[PDB]
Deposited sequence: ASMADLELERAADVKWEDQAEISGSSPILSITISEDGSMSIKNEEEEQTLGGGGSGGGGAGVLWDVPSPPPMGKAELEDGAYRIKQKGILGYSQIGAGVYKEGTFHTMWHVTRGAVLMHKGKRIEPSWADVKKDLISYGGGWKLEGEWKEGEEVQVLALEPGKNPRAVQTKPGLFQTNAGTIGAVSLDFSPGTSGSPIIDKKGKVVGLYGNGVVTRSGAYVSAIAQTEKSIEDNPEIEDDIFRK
C-alpha cells in the first residue's frame, strides 16, 4: 500500500504535562517569511504519523519514532509495507510479530525501560489532532502472553505506535494495542523489545 511518513514532533519530555496532566506539542514552521503553527486539524529524529493515500486524501493509520538511523512502529500498522518519506523508500529491516514491533533501516534502537511506579508521557499523535504529551502512570498487568507494562489511556484508533517517554526523554516503548488483562482491566500495552 501507499504509506507516507509525516514528522509530527520532537521526542522530548514536556514540562507543562507534568504541571497539568496534558500539554499540546506545538511546532513552528518558518515558511518563506512568517512563523506559523503546524495544525493537523485540516484534511530525521522524531515522532511521525503513518498516512495511507486515499482517493479523499491522506488518512493516518499509525505512528512511530525515528532514532539512530531507524524508524520504529507497530507490525499491525504497516504489516511489513515499504514506507515513503518525500519520494525516498524505506524498507523494513526487522520485525517481531508477537511483540507487534517492526523497525526500518536497522535493528531496534529504542532503549527506555519503564520502572514500576514511575510516570511517563505518551506523546500522542491522534489522527487529525495536534500532538499532545499525556502524563500517566502505567501498570504491570498479566495477559495470556505473560506480564506487560501498560497504560490506561484509550486514544483514537490510529494513535498506535505513538512513543512513550520517560523523564530522561528515552522511549520506553510504543503505544500498543488494547487488551483486556487478567483482572478485566482494558489497557494499552507498552510495546518494547531490547536494543540489538
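Q: Without any C-alpha position in the structure, which residue ranges of the deposited sequence would you list, numbering from 1?
A: Missing from the model are residues 1-3, 47-77, 231-244.
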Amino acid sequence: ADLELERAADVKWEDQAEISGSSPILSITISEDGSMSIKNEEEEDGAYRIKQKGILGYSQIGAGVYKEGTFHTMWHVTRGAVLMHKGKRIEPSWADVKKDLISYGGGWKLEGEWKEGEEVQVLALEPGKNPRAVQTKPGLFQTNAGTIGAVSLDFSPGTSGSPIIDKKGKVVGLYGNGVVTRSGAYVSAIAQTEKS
From here on, numbers count along this sequence of modelled residues.
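Q: Can you tell me which stretch has the higher mean Cα B-factor, 60-68 or 23-31?
A: Comparing 23-31 with 60-68, the higher mean C-alpha B-factor belongs to 23-31.
Q: Out of 34-42 and 132-140, which stretch has the higher average CA B-factor listed in the record?
A: Averaged over C-alpha atoms, the B-factors run higher in 34-42.
Q: With respect to C-alpha B-factor, does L83 fall in the lowest, middle or highest third of the chain as deposited?
A: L83: CA B-factor falls in the lowest third of its chain.
Q: Would you mind checking where the Cα B-factor of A1 ranks among the modelled residues of its chain, as the lowest, middle or highest third?
A: Its C-alpha B-factor, which the entry lists for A1, ranks in the highest third among residues of this chain.
Q: Rank-wise, by C-alpha B-factor, drop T159 into the lowest, middle or highest third of its chain.
A: Lowest third of the chain for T159's C-alpha B-factor.
Q: For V151, does the deposited CA B-factor place it in the lowest, middle or highest third of the chain?
A: Lowest third - that is where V151 ends up once the chain's C-alpha B-factors are sorted.
Q: By the recorded C-alpha temperature factor, relative to the other modelled residues in its chain, which third is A145 in?
A: It belongs to the highest third of the chain when residues are ordered by C-alpha B-factor.
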